[PDB]
Amino acid sequence: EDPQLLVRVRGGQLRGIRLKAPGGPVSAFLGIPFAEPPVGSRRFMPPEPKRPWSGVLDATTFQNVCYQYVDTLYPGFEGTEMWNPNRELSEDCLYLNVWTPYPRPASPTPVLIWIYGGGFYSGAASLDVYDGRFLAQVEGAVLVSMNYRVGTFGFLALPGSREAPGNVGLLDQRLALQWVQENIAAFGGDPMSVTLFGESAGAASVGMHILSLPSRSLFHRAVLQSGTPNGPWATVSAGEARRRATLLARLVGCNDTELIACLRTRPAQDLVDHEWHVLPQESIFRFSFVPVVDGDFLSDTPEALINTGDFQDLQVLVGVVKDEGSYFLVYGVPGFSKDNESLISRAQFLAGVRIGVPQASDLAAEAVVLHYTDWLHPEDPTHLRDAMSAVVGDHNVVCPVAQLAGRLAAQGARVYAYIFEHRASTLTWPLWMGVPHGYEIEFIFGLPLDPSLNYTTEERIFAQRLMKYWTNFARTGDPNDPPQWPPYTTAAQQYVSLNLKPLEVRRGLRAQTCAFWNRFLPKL
Amino acid sequence: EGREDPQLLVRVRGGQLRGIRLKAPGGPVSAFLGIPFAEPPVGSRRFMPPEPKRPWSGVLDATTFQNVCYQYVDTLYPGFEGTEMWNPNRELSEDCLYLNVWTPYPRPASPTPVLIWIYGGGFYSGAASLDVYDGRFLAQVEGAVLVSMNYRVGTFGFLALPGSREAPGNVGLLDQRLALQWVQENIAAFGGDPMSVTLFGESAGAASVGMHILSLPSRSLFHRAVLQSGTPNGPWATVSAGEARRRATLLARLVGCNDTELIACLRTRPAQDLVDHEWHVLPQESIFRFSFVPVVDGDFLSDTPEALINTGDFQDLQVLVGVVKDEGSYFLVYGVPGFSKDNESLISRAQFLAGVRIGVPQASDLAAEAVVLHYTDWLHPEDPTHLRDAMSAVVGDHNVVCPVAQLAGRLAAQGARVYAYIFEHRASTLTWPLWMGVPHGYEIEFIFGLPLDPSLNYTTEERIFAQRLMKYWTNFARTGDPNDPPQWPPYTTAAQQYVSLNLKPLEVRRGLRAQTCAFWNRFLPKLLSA
Ligand SMILES: O/N=C/c1cccc[n+]1CCCCCCC[n+]1ccccc1/C=N/O
Ligand SMILES: O/N=C/c1cccc[n+]1CCCCCCC[n+]1ccccc1/C=N/O
Ligand SMILES: *[C@@H]1O[C@H](CO)[C@@H](O)[C@H](O)[C@H]1NC(C)=O
């Protein structure tokens with residue numbers, strides 16, 4: 001009975017498992033319950049704290065993945081399968097994971113808390129690319145990750161109602177942070193130094209924690225990778241959420257209270273079966289159930305809140321990958337597939353824009369088209385394909401990120417910004433997709449330190465650098481090891497390219513183009 | 001005759017002429033200056049089509065420039081070469097319909113290609129007798145026959161009550177057309193070949209050339225065309241029949257005046273009175289528009305130029321078009337607040353916004369916003385040097401560069417052989433400040449070869465450069481191809497190739513401000529609609 005693997009938290013005793021990292025052992029505590037299972041009458045409801053338990057709770061294995069749709073687009077294809085659930089689905093899914101140095105830190109160690117993405121309809125803390133062992137071993141970090149409800153279970157709201165308030169998926173994450181304040185010290189972690197990091201929808205989630213006062217006392221620093229609380233996809237108005245919830249209720253055969261009672265009687269797989277039809281669409285740009293501007297968790301729209309916020313004592317690292325848009329396209333944009341080079345026509349490009357910017361009027365659509373057409377090669381299929389990617393990535397990620405960076409910096413935050421440009425040698429998506437979002441994650445978590453995953457030796461050195469930047473940032477609010485990475489500011493607009501070459505400092509994050517999205521389009 | 005130089009006596013349809021032997025650097029040329037081609041459009045003929053000149057008796061002396069057409073005289077910088085060189089250099093008069101011919105000396109024995117110059121000046125000014133339009137060098141060095149004509153400007157040339165008989169519009173254009181006819185009938189007397197006539201002009205001159213292309217009765221009078229920094233399409237070169245009616249009616253009121261009675265009252269106004277009011281007809285801080293320009297009358301112009309270049313068949317046409325490096329800079333010193341010849345004209349963002357309202361007076365608030373956002377440098381949105389240069393680009397692109405790109409594109413798509421250039425050499429003798437770069441009009445002295453005159457103090461390289469240009473233009477006049485048999489490829493819609501003209505050899509470039517001209521030529525219009 002290894003004492004390094006026995007920990008007492010407020011709810012009782014836990015036994016973890018000693019795991020192997022390339023450089024030595026780590027202690028892992030997997031599948032720790034942090035809430036009462038959100039089932040039966042608790043579906044759609046805020047999470048309640050986990051009741052205390054007797055004896056020694058087995059925390060040696062990942063718990064169930066929160067009930068969700070599973071992507072079937074390319075059955076057996078690595079590129080897709082790696083994001084799919086790797087444990088059983090279940091509404092009973094509120095568990096977090098902790099990795100620590102073995103033996104557990106002498107003194108309080110900075111804590112990083114990961115929050116996965118997945119568009120608010122999918123994701124899981126148990127995916128291999130979120131494995132915390134490398135950060136724990138090589139950098140001595142205490143790493144935490146939590147499951148949170150997605151889809152209808154997490155974000156279906158009847159705003160103003162008592163039994164389906166909206167944002168419960170974000171309350172899930174908040175309860176895991178609270179759990180960290182209360183228990184992490186028992187693992188050798190410092191509750192006084194907590195850094196949130198997340199990607200895509202996890203990044204937006206981190207954002208929403210920044211913008212929601214009750215979360216602010218639970219972390220000190222934040223990293224948003226390829227996602228933001230602002231922008232087209234991450235939030236929905238109270239009105240529009242009510243509409244979607246009602247449409248979905250109707251789609252499954254169902255006064256708020258009665259409606260919600262009827263939904264609660266539905267088998268999980270029924271809700272998922274109809275999730276997507278609430279917003280008929282050709283691709284995956286919008287999802288029906290995402291966080292709602294409830295005037296509670298989010299007192300106002302993220303736009304309103306970031307423009308007027310005071311961010312004096314906040315440090316933030318944010319960044320994008322080289323090809324934010326490419327991933328989206330293979331999911332229902334005609335002309336695009338993983339299996340050919342996706343050289344598209346002009347006509348296809350125009351229709352692509354109606355899909356990627358679903359909210360756009362005819363005029364707005366044309367402005368986009370005319371901006372992104374290369375007038376020297378108006379009909380070159382290669383240009384059109386790359387442009388389609390750019391439109392979609394700029395509108396959804398790159399410009400929302402540039403705008404967040406700018407507002408935080410203008411309003412007191414210390415901000416660092418990056419563009420990630422290395423394409424994993426092991427990517428199974430085609431070359432034309434470049435560096436799609438999500439494929440920086442495995443480097444940050446240090447997977448290339450595992451020789452059995454067959455990354456190049458430079459890729460290993462690269463991963464070591466990133467783990468340093470991220471953990472330096474968690475330690476100190478500054479990614480530089482104690483050329484330099486300069487703070488992003490509104491004046492100079494400096495960010496850095498992360499790739500195999502040494503840090504390069506650049507200025508202006510798609511500045512002209514983001515002025516188009518952030519200043520002009522709105523007026524239009 | 002008897003004792004006079006036998007090479008200077010020539011007969012044209014209207015009578016006998018005595019020209020003058022002039023010295024050019026490489027030897028003598030024959031000049032015939034001030035030949036009347038119309039009845040003086042004075043008195044009851046004001047605002048009317050030109051009538052062909054009635055034959056005279058005796059030997060008309062053709063040894064000096066004739067009157068300059070009545071016009072506003074620029075008084076922005078008294079004494080300043082940079083403004084003065086454009087100012088009238090002969091007496092102002094309504095009696096001003098004369099043309100000029102330069103020919104080799106002795107006159108060529110076989111028929112020689114004819115170049116006809118049409119000056120610019122916003123349709124409110126200009127004269128064929130300015131020094132920078134001196135035909136002597138082209139005649140002496142290239143053996144060309146060069147012809148230039150005065151045409152009516154301002155109200156005299158363009159005041160229109162569309163539909164009236166007494167003031168139908170476009171008579172200034174009709175003056176040019178009459179001179180083209182006079183060349184068809186008479187140029188052979190000078191050794192010129194009426195079967196080889198290339199029109200060339202700059203600014204309003206170019207827009208003029210473009211309108212002769214667009215107007216069928218002019219098309220039989222010439223074979224090839226050069227448009228320097230101007231086009232029949234674009235925001236300044238034409239007005240609608242309704243708008244022209246409105247302006248003439250307003251001008252009539254400003255001076256104290258049924259169309260017949262109105263025009264009769266105008267005809268009693270002293271020329272200087274019309275001139276003193278023409279600019280009030282359209283209140284503006286700066287010279288981007290003029291009140292009296294070619295009108296779309298459904299006659300001379302059967303539709304808008306925009307429509308005609310979209311629907312036109314131009315298979316037979318060879319055309320040379322281009323722009324100078326800084327088309328906008330000139331405009332700014334004429335009343336955009338913040339801008340001056342005497343300082344570096346660093347401006348604020350607010351001055352830039354305000355400049356954009358003035359430079360694009362037709363823009364809604366949204367359109368103006370789009371323009372500002374497009375031309376803003378988002379890395380340094382507040383930098384006064386970039387803002388100054390962006391004000392110049394906005395006004396240059398909207399008024400000349402983009403109308404020219406659109407012109408080259410339409411013509412090329414529709415059968416024409418097009419050659420395109422951007423001229424980037426700033427004369428060493430220029431008296432405008434450096435910040436203005438190469439303002440429009442400052443390629444002209446090189447095309448006309450002034451730097452071969454050693455007394456003008458151009459550098460040796462400028463002299464070699466001017467020869468290059470004279471060769472390009474006259475090869476084009478001769479053969480439809482500026483190349484001498486590095487190459488100047490035609491401009492096409494696939495490749496969009498054009499050349500830089502400067503002291504270095506030809507360099508081929510692709511796309512004439514392509515992104516930005518997509519903004520002005522495709523997007524802005526639609527923003528107009530909403
Ligand atoms: O809840 N309904 C889900 C559903 C059902 C039937 C058809 C389509 N959907 C949407 C999403 C499909 C899977 C899309 C997931 C794409 N993806 C997977 C992994 C990593 C990234 C991404 C997309 N990045 O843009
Ligand atoms: O006919 N009305 C004339 C007038 C009267 C009172 C105030 C202003 N105006 C307009 C024009 C002033 C002179 C502008 C001439 C500028 N300019 C001269 C020579 C060569 C080029 C240019 C301008 N190029 O853009
Ligand atoms: C330059 O001259 C103009 C006209 O006098 C003036 O309005 C402007 O403020 C001056 N600009 C600079 C940069 O000195």
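Each chain gets a letter, A, B and so on, in the order its sequence line appears, and its residues count up from 1. Counting convention: from 1, in listed order, for ligands and their atoms alike.
Listed by number with element, the atoms of ligand 1 under 4.0 Å from a non-hydrogen atom of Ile284(A) are 10 (C), 11 (C), 14 (C), 16 (C), 23 (C), 25 (O). Under a 4.0 Å criterion applied to the non-hydrogen atoms of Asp71(A), ligand 1 contributes the atoms 13 (C). Annotation for ligand 1: atoms under 4.0 Å from non-hydrogen atoms of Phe287(A) are 1 (O). Counting the atoms of ligand 2 from 1 in the order shown, those under 4.0 Å from a heavy atom of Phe331(B) are 25 (O).
A donor-acceptor distance shorter than 3.5 angstrom exists from the side chain of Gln71(B) to the backbone of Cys69(B), with no hydrogens or angles considered.
Crowding of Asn86(A) atom CG: a count of heavy atoms from other residues, nucleotides or ligands under 6.0 Å exceeding 12.
For the residue pair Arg289(B) and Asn399(B), a side-chain donor N or O sits within less than 3.5 Å of a side-chain acceptor on the partner. A side-chain donor-acceptor contact under 3.5 Å links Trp432(B) and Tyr442(B). One side chain, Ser345(B) or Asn343(B), offers a donor N or O that lies under 3.5 Å from an acceptor on the other. Between the side chains of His277(B) and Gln272(B), no donor-acceptor pair of N or O atoms lies under 3.5 Å. The closest side-chain donor-acceptor pair between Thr83(B) and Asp74(B), if any, does not fall under 3.5 angstrom.
Distance check for atom 11 (N) of ligand 3: a protein heavy atom is found below 4.0 Å.
Atom 13 (C) of ligand 3 has as its closest protein heavy atom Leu346(B) O, 3.5 Å. Scanning all protein heavy atoms for the shortest distance to atom 12 (C) of ligand 2 gives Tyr72(B) CE2, 3.4 Å. For atom 22 (C) of ligand 1, the nearest protein heavy atom (residue, atom name, distance) is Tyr327(A) CE2, 3.8 Å. Taking atom 18 (C) of ligand 1 as the reference point, the nearest protein heavy-atom neighbour is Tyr331(A) OH, 3.8 Å. Scanning the protein heavy atoms around atom 4 (C) of ligand 3, the nearest turns out to be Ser340(B) CB, 4.3 Å. Scanning all protein heavy atoms for the shortest distance to atom 9 (O) of ligand 3 gives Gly338(B) CA, 4.9 Å. The protein atom (non-hydrogen) at minimum distance from atom 15 (C) of ligand 1 is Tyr121(A) OH, 3.4 Å.
Nearest approach of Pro85(A) to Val65(A), heavy atoms of both residues: CB-CG1, 3.9 Å.
Within the 4.0 Å heavy-atom criterion, the part of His440(B) lying near ligand 2 is the side chain and not the backbone.
On a distance-only criterion, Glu278(B) and ligand 2 share at least one N/O pair closer than 3.5 Å.
Between atom 9 (N) of ligand 1 and the options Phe289(A), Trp276(A), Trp83(A), the minimum heavy-atom separation is to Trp276(A). Compare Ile347(B), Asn343(B), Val336(B) by their heavy atoms: the one nearest to atom 2 (O) of ligand 3 is in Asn343(B).
A tilted orientation is assigned to the rings of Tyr334(B) and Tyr330(B), their planes being inclined by 30° to 60°.
Here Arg152(B) does not pair with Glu94(B) in a salt bridge; the nearest charged N to carboxylate O distance is not below 4.0 Å.
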